[PDB]
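Single-structure report; data block below.
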Amino acid sequence: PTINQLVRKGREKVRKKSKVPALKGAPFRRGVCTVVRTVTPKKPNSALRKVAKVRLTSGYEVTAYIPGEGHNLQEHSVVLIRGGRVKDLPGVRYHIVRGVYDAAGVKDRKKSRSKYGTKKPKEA
Amino acid sequence: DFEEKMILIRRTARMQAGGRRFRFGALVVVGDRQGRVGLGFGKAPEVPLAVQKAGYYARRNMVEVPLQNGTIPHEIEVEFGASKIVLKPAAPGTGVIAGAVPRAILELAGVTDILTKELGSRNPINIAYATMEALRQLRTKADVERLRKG
Amino acid sequence: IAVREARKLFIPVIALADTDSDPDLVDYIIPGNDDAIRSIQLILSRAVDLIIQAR
Amino acid sequence: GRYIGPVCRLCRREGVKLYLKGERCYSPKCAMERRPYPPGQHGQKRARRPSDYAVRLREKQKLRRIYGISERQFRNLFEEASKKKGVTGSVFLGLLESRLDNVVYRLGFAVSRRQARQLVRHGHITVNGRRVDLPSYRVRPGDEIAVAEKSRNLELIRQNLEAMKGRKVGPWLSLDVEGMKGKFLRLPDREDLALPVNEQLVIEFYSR
Amino acid sequence: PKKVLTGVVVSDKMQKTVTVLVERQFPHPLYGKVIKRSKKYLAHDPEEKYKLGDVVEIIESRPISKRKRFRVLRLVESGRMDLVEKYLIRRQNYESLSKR
Amino acid sequence: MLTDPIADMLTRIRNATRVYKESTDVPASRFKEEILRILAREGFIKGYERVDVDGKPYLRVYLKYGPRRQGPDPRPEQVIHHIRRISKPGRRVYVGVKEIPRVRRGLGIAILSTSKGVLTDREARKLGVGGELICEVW
RNA sequence: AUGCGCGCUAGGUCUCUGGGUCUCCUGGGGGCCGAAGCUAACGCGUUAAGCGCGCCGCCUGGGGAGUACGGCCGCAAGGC
RNA sequence: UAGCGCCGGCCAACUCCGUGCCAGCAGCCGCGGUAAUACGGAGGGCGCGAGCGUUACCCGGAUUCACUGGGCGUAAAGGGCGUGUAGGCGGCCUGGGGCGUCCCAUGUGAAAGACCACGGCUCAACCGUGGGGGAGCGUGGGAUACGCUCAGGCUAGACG
Ligand SMILES: [Zn+2]
Numbered sequence: 002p003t004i005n006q007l008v009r010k011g012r013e014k015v016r017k018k019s020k021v022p023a024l025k026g027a028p029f030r031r032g033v034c035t036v037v038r039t040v041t042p043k044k045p046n047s048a049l050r051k052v053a054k055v056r057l058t059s060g061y062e063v064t065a066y067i068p069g070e071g072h073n074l075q076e077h078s079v080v081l082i083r084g085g086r087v088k089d090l091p092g093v094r095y096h097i098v099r100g101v102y103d104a105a106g107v108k109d110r111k112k113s114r115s116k117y118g119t120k121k122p123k124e125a
Numbered sequence: 005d006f007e008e009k010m011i012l013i014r015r016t017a018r019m020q021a022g023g024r025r026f027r028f029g030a031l032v033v034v035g036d037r038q039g040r041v042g043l044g045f046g047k048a049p050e051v052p053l054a055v056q057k058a059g060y061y062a063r064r065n066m067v068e069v070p071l072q073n074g075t076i077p078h079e080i081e082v083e084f085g086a087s088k089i090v091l092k093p094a095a096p097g098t099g100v101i102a103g104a105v106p107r108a109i110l111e112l113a114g115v116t117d118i119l120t121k122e123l124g125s126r127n128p129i130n131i132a133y134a135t136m137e138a139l140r141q142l143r144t145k146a147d148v149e150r151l152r153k154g
Numbered sequence: 172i173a174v175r176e177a178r179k180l181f182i183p184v185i186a187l188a189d190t191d192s193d194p195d196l197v198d199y200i201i202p203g204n205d206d207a208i209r210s211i212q213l214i215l216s217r218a219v220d221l222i223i224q225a226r
Numbered sequence: 002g003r004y005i006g007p008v009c010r011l012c013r014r015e016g017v018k019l020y021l022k023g024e025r026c027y028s029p030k031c032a033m034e035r036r037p038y039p040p041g042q043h044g045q046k047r048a049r050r051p052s053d054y055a056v057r058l059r060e061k062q063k064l065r066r067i068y069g070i071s072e073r074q075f076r077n078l079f080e081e082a083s084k085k086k087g088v089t090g091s092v093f094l095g096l097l098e099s100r101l102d103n104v105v106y107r108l109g110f111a112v113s114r115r116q117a118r119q120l121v122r123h124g125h126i127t128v129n130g131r132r133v134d135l136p137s138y139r140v141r142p143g144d145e146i147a148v149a150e151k152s153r154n155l156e157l158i159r160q161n162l163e164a165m166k167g168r169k170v171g172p173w174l175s176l177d178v179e180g181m182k183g184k185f186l187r188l189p190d191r192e193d194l195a196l197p198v199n200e201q202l203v204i205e206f207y208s209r
Numbered sequence: 002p003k004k005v006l007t008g009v010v011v012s013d014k015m016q017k018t019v020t021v022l023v024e025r026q027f028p029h030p031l032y033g034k035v036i037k038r039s040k041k042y043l044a045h046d047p048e049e050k051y052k053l054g055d056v057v058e059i060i061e062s063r064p065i066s067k068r069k070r071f072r073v074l075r076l077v078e079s080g081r082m083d084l085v086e087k088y089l090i091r092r093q094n095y096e097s098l099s100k101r
Numbered sequence: 001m002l003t004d005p006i007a008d009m010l011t012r013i014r015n016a017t018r019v020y021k022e023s024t025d026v027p028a029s030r031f032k033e034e035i036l037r038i039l040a041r042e043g044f045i046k047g048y049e050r051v052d053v054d055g056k057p058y059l060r061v062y063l064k065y066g067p068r069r070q071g072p073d074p075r076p077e078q079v080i081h082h083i084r085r086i087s088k089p090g091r092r093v094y095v096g097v098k099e100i101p102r103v104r105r106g107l108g109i110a111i112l113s114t115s116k117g118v119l120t121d122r123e124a125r126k127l128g129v130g131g132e133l134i135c136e137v138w
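Chains as they are written, first to last, in the deposited numbering: chain L, 2 to 125; chain E, 5 to 154; chain B, 172 to 226; chain D, 2 to 209; chain Q, 2 to 101; chain H, 1 to 138.
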C-alpha cells in the first residue's frame, strides 16, 4: 500500500495463542486423576495408549497421557501435569511427569532415566 | 586440474504404459579456487553418467570472478525467477557466511569472506543459477573507469 | 539457425542481409539484395575473386 | 573440571598426530604409527563423506583438544576475540597461546600441556617473582615465567630443562635455561604455530 | 523562554475569549512522511479586538481559567477566512458520519 | 497528470537506455539540467544540449554504451545499469552529513540537493552538508 | 475474473469514424500477431499483466464461516 | 566425586539380541504385523561436564504485517458503476520570507548499565579510575538547492 495508507491505518501485529491454556502460564500444574482409560491412535498407528483424566488446581479438567512401560495411576491419584502434545490421540495436549507426587518411575529403566524419573540402579 | 563439488542428486519419475521410469539429475560445481567457477546440470539414466555429464557441462560453462583480498569488490542482489540472492563484501577473518549452495559455489571461487542471504523461493537449482548470474554481474574499479572515462 | 550456431561458437558472421534482416546478429554485413540472382552473383564473384587474389 | 581419560583415542578420531601425551606420541607408539583408524567397532569401515557441519565440528574439536580446555572457556575466548579488533582467527590463536599452562609447555618446563597444567596448579611456577597457580592465567609481553625456588631441585624439572639444552624454543619466547626462567616477547603469529587447523572453519562453525 | 504559537481565530462566541487553531508539521516516527496536524487553544483577550479569520500570535501565560493558559500578543494577518470555512466544513462533515 | 518531473526524467533515460537509442528528449528545467550536468561529469551520459521542439524548450540527452559484446546477445554493456528515485512526492527523504549513503562501495553515485547546490555524495561529504536525497546511479 | 489519471518503450495486419496537399500523412475507437521487457507458468505486450509517479480499495494457511452475537437498512424474502 | 542427553533425516555418533501394528517412540516427516541403524536392553560412539535434560514465556529463523523488506488476470486479495466532501499529491520562469531541510557553537541528555583504555582482588566473574559516544529538545548564528508560503509573469496540463 501507499505511505498515506500506512500512516492512516498501519500494520497489525500478529498475536500468538497458547497451545496449553489449562496451565494458565505455568510450567506445571498439580492435578487429581479421575478416570484411567485406554484409547486408540488416530489412523496409521494402532495401539492402546493409556490416558488419564485429571482435574487441576486451575478451573480446568483436561485429558492427559501416561508415558512409559507401566503405571500405578488410580482413580484418586494426585499427579503433576506437564506440557507436550501427543500427535496420535485427538484431544490430549498434556503429558505426566513420572515419579513426582503419586506416579512412580517405570521400573528397571537403564538408558533414559531423566525422563521416566527413576533412581540410578545400584550395581554390584 | 579443477576441483569438483556435489550439490544434489534428485530422482525424477515419468509414467509409462502402467509403470514408473526413473531418471537422475545432478548439480555440480567446478572451480580452481583462483576466480574460475563452472556450474553444470546433467540428466542421465544413471548417477555416474549424470555426474560425468554435469562435470562436462560445468567445464564448458565457466565464469571469471574478479577477486580482491579474497572477497567481492561490491555488493549485489540478483533475482532469478522467484529466488533472490544477496552478496556483500566482508573484512578479512569473517569466513563464508552462506547456505549450502552459495557456500559451495563461492568456496571454489576462492572467496574467503562474504555475507549472503537467500530470499524468496529457496529452490537449490534456482539459487545456484542466481548465484552464478550475480558472479557474472560483478565489475571492478578498472572496468567501471574504462566504461565511463574510456 | 546457422547464424545462431555461429554466434554460439564465436565464429564471425558475414551476410548479404536485406530489408527483412536483423543487423545485430551479423558482425560484417553487406546491406543489399538477397534475391535477384544478378546481385548475389555480383557480390559472391567479387568476394571469391578477392579471396583468390589474397592467397 | 577438564577432560580426564584416554588420550591417543583423540589422536585416532581427529586422524592427525595430536601431540598430547608428551614423549610417547613422538616414539612409534602414538597410535598413528599403528592402527591409525578412528576408535570403535566401526573404526575400520568405509566412512561416508562428512557434512559441512561435520567438517566444521571436527575442526573445532581438534583445535580445542590441542589445548584441552572446556567448551565454555573456548566459546568465551572466541567471543572475546571476535569483539576485539584485527583478524578474528589471528587474535583467537594469539589469545589461546597466552594461557600460563600453554606458555609453560612451550618453554619446555613440562613435556605435555596436561603436565604443565598440573605443574601450574601445584604452584611450582612463578610470574614476576610471584606465585601463580592458575592454568587459565593470561600472560603479557614482558613477563618473567620462572620456577619456584622450592621446585628447582625437583628431578622432573631437572630432566626437563637438561633435555631442552641445545633445543630451539619458539621465536616469541626467550629461555634462560641455566636461570630456569623465561620471557614472553610478543603475541605468536599465524605462521609461527604449526597447528594442523584451519581457523576459518572454526569461525564458520561459531557463526551459525 | 515562553512557548509562542501562531494560528487562526475560529471562534469569538465567548466573553473575553477566542479559539485559535495552531498548525503543526512533523515527520512520521516510522514512515518518514511529513505529517500535518492541528490543535485548538483557548486564548485570552480582554479588549475583544480580535475577530474570526484573524491570524494571531499567542504566548504561554499563567492560568486564567480551566482551559485558558495563553494570551494574544500580536495580530499578524487578517481576513484569512478560507482556513475558517475549511475548519467549519471539516467539523460539519461529522453529522454525516453518525450511525443512528 | 504529471506529478513528478525528475522521476519522469529518470524513467525516460532508463527506457531509452534499455533499447540502445542514441538520443532522448525530456522537457527543459533548471533542476533537470543540473542533474544532467552532474550525470555527465561522472561520465554516465555522452552529453546534453538545450534544443527547441515545436516552440517548446527541450533537453536532448546523448546516451553512452560499452563495446559490442561477443557471442549470442551481442548488445553493448550499459553504463547506467540502475537509476532509482529516492525522495518521492508523498515521502521526502533527507539525510545529514553522517547519513550520506555509500553506493556500491563508491562504484556508484548518490545525487543530493544540498543547501550549496546539487552535489554528489562525495562532494557533500567533502563540504560537510546534507540535503534531500534525489537518486542513486550505478 | 485486470481501480483511476498522466508520461516513456519496435513494428506488422484488419476494421469504425474524422481532417489534409488524398499511391499516402495525421487524430480518436475496436480486434489479431508479435521487439525490448515482465511472469511460477499459461501468457501480457503503445487498448501492458513493461518502465515510473500520485491517490484509493483490499490479502496474510484450509475448514469452522460469510456462520454466531451486536449494530444499520427493508412489508417480507433478504442485504451490509 | 563423574555424571546427563543423544546415535533414521534435519544434526555429530552403528552393530547384536527381545519384539511382531503388541509393548511402545515422537518437535516435523513418521517408525513398529519375525532380517527394526526410529520401540526395550546391551557393546560401541558422539556432545556437554558438577552439570545434563524437560516444561512454560520472549526474540530470531518469519522478507510469515514487508519503512529498510511483500502482494491483488488464473494461488487469498480491484470496491457493481458514477458524482463528490474532508484529506493526500501536484506544470515552466523570477523575486521576498526562512516554516520544513542542512550546518556550526552552546545548555541539557543524572548516577549505574553499553564501548575503549589503564588498574585492584594470585586469574576471571566483580569492582575502581579516566575518556568518549549518545536519539531527542531548548538557545544564538549561517545557507537557500529542494518542499512550504507570498508576489509578478508563461502556455506544454485543464477548460471555453
Ligand atoms: Zn597420540
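Ideal placement from N, C-alpha and C gives every residue a C-beta, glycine not left out.
Distance between beta carbons of residue j and residue i, contact taken as under 8 Å
{"i": "H/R105", "j": "E/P49", "result": "Actually they do not touch by this definition, with Cβ atoms about 48 Å apart."}
{"i": "D/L94", "j": "D/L194", "result": "6 Å"}
{"i": "H/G108", "j": "H/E132", "result": "With 8 Å as the limit, H/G108 and H/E132 do not qualify as a contact, their Cβ atoms being about 18 Å apart."}
{"i": "Q/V57", "j": "Q/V10", "result": "6 Å"}
{"i": "H/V79", "j": "E/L151", "result": "6 Å"}
Proximity test, residue i beta-carbon vs ligand 1 heavy atom, cut-off 8 Å
{"i": "D/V8", "result": "yes"}
{"i": "D/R25", "result": "yes"}
{"i": "D/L19", "result": "yes"}
{"i": "D/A195", "result": "no"}
{"i": "D/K22", "result": "yes"}
{"i": "L/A65", "result": "no"}
{"i": "L/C34", "result": "no"}
{"i": "E/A132", "result": "no"}
{"i": "D/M181", "result": "no"}
{"i": "E/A108", "result": "no"}
{"i": "D/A32", "result": "yes"}
Contacts of residue i in chain H (Cβ-Cβ under 7 Å)
{"i": "Q/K34", "result": "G90 and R91"}
{"i": "E/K153", "result": "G43"}
{"i": "E/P93", "result": "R105"}
Residues sharing a beta bridge with residue i, DSSP
{"i": "residue 1 of chain Q", "result": "One cannot answer for residue 1 of chain Q here, as it falls past the ends of chain Q, which runs 2 to 101."}
{"i": "L/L81", "result": "L/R31"}
{"i": "D/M165", "result": "Paired residue(s): none; D/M165 is not in a bridge."}
{"i": "L/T64", "result": "L/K54"}
{"i": "E/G35", "result": "E/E7 and E/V41"}
Chain Q residues whose Cβ lies nearer than 9 Å to that of residue i
{"i": "L/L90", "result": "Those do not exist, as L/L90 stays about 46 Å from chain Q at its closest Cβ, beyond 9 Å."}
Chain L residues whose Cβ lies nearer than 7 Å to that of residue i
{"i": "Q/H29", "result": "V8"}
Listed by chain order, chain H residues near residue i by CB distance under 8 Å
{"i": "E/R143", "result": "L107"}
{"i": "B/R178", "result": "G71, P72 and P74"}
{"i": "E/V148", "result": "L107"}
{"i": "B/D195", "result": "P74 and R75"}
Under 9 Å from the C-beta of residue i: neighbouring residues of chain H
{"i": "E/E79", "result": "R104 and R105"}
Proximal residues of chain Q, C-beta to C-beta of residue i below 7 Å
{"i": "L/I67", "result": "Residues of chain Q passing the Cβ test: none, with the nearest at roughly 51 Å."}
Chain E contact residues for residue i, given Cβ-Cβ distances below 8 Å
{"i": "D/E205", "result": "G99, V100 and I101"}
Cross-chain neighbours of residue i in chain E, by beta carbon under 7 Å
{"i": "D/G90", "result": "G97"}
{"i": "D/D134", "result": "Per Cβ cutoff of 7 Å: no residues; D/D134 is ~34 Å from chain E at best."}
- Item | Residues from the region 66-78 of chain H in contact with chain B, defined by Cβ distance under 8 Å | Residues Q70, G71, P72, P74 and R75.
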